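Asks: Starting off with a structure, shown below.
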Amino acid sequence: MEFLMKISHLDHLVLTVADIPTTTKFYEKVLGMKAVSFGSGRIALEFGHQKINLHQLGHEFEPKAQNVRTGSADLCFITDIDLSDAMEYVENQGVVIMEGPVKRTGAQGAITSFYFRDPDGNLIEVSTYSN
Amino acid sequence: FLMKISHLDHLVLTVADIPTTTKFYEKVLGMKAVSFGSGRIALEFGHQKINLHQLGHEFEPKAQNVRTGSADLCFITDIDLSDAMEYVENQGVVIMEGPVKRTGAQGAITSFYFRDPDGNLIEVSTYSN
Numbered sequence: 001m002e003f004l005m006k007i008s009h010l011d012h013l014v015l016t017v018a019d020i021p022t023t024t025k026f027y028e029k030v031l032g033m034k035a036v037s038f039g040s041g042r043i044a045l046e047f048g049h050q051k052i053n054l055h056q057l058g059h060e061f062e063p064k065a066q067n068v069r070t071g072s073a074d075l076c077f078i079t080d081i082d083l084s085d086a087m088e089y090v091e092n093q094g095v096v097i098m099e100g101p102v103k104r105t106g107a108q109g110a111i112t113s114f115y116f117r118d119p120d121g122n123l124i125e126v127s128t129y130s131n
Numbered sequence: 003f004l005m006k007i008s009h010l011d012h013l014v015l016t017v018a019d020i021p022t023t024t025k026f027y028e029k030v031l032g033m034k035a036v037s038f039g040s041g042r043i044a045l046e047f048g049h050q051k052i053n054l055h056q057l058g059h060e061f062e063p064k065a066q067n068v069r070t071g072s073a074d075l076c077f078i079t080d081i082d083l084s085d086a087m088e089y090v091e092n093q094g095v096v097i098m099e100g101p102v103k104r105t106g107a108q109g110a111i112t113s114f115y116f117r118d119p120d121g122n123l124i125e126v127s128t129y130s131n
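Chains as they are written, first to last, in the UniProt record's numbering: chain S, 1 to 131; chain B, 3 to 131.
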C-alpha cells in the first residue's frame, strides 16, 4: 500500500495579540465570530467549523511560531452575506475599509474582496464567491 | 444584520525564498504549487490555499508587521497519523513532538509538530481516534 501525503484542510491557526479582550471584541463585533474559552484560560474565535487560537503577547504557549509577531497575519475569510452588505456592516462598526470591492483569486476560483486591519494590524480580507 | 464568516479561504506567508518554500510544502505535505494573478505563487490543499510572498518583494497591501517564521498553523490529514509522521521523517524533517493529544476546532485531535524552512510552526493532526 504505497500512498501519497495529503492535507485535507486547515483546522486552525494562532494569532499572537497585544490584548485578547480588544481582539475578541473586534472579531465578534466586526466579523460575527464566536469568542470561546477552554482548558486553562485558553481563548479562541470560532467560525464555521474552524477557529483561531489567541495568545496574548508575553503569555504565549509552547510550541509556537519561531518569530512571534503581532500584526504579522494576512487572512482571507469567505462570507455568505452579500458583499456590499458586508462592507456596509463593517464600515458601520467604524472600521476603515482600505480597498474593495476588488476582484481577486480565491482557492477555488475568482472572488471579490474588501480589506481592513484588525486591532494589531493584521490584514483581513473578506470575500465572496458570488459573481 | 448578523455578520458571519463561513470559513478561511487562504492566508499569506511571507518567506525568505519562494522556491525553497514551494519545494518543502510539495515534498513534505503533498501540496500543489500553482501560479496565479500577476506572477504569484500559491500552495493548494483541499479547497484552500496558502499564498506566498517573498520577503523584500514589493506587494500591497500586506500584514502591518510582515515577518518570516511568524505563523503557527494546524492542518488536518485524512492519512493515518503514524504513516504521515513516518513520511515526514523520511523527508529528513525533525519532529519536535508527537503523537500527542491536542485540541482542534471540533474536538480532540492527535498531533505532531515540525518547523518549515522559515521557522513557521506546522502542526499536522487528525480527528481519528
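Quick reminder that beta carbons are idealized off the backbone N, C-alpha and C, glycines included.
May I have the straight-line CA-CA distance separating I124(B) from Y89(B), to the nearest angstrom?
Replies: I124(B) and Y89(B): Cα-Cα distance of roughly 15 Å.
Asks: Report all residues from its chain with a CB closer than 7 Å to the CB of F61(S); omit the five preceding and five following residues, and keep chain order.
Replies: The residues are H55.
Asks: So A107(S) and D11(B) are supposed to be a Cβ contact under 8 Å. How far apart are they, rounded?
Replies: About 5 Å; that satisfies the 8 Å criterion.
Asks: Give a yes or no on whether the minimum CB-CB distance between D19(B) and chain S is below 9 Å.
Replies: For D19(B), the answer is no, since every Cβ of chain S falls outside 9 Å of its Cβ.
Asks: Can you name the start and end residues of the alpha helix (DSSP H) that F26(B) belongs to?
Replies: Here the alpha helix (DSSP H) through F26(B) covers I20 to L31.
Asks: Can you tell me whether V14(S) is helix, strand or coil according to DSSP?
Replies: Strand, per DSSP.
Asks: Distance, Cα to Cα, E46(B) vs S40(S)?
Replies: Going from the Cα of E46(B) to the Cα of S40(S) covers about 35 Å.
Asks: Is the number of C-beta pairs between the segment 91 to 100 of chain B and the segment 20 to 35 of chain S that are closer than 8 Å three or more?
Replies: Output reads no: the segment 20 to 35 of chain S does not touch the segment 91 to 100 of chain B.
Asks: Beta carbon of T24(B), beta carbon of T70(B): below 9 Å?
Replies: Contact flag unset, no.
Asks: Does DSSP put residue 150(S) in a helix, in a strand, or in coil?
Replies: Examination of residue 150(S) is not possible in this model, given that chain S is present from 1 through 131 alone.
Asks: Whole angstroms is fine: what's the gap from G100(S)'s alpha carbon to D82(S)'s?
Replies: Their backbone Cα atoms lie some 13 Å apart in a straight line.
Asks: Between which two residues does the beta strand (DSSP E) containing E125(B) stretch?
Replies: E125(B) -> beta strand (DSSP E) spans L123 to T128.
Asks: Mind checking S37(S): buried by the 16 CB within 10 Å criterion, or exposed?
Replies: It counts as exposed.
Asks: In the DSSP assignment, the alpha helix (DSSP H) including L75(S) goes from what residue to what residue?
Replies: Segment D74 to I78 is the beta strand (DSSP E) holding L75(S); no alpha helix (DSSP H) there.
Asks: Please compile the residues from chain S whose C-beta is within a distance smaller than 8 Å of the C-beta of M87(B).
Replies: By Cβ distance, chain S contributes nothing, its closest Cβ being about 11 Å from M87(B), past 8 Å.
Asks: According to DSSP, is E60(B) helix, strand or coil?
Replies: Looking at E60(B) - three-state DSSP - the assignment turns out to be coil, as it is neither helix nor strand.
Asks: Please confirm whether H49(B) has its beta-carbon closer than 9 Å to some beta-carbon of chain S.
Replies: Cβ-Cβ to chain S under 9 Å: yes for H49(B).
Asks: Hey, could you find the ends of the alpha helix (DSSP H) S37(B) is sitting in?
Replies: Not the alpha helix (DSSP H): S37(B) falls in the beta strand (DSSP E), residues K34 to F38.
Asks: Return the residue from the list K34(S), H59(S) and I43(S) that minimises the CA-CA distance to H49(S).
Replies: Selected option, being the one with the closest Cα: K34(S).
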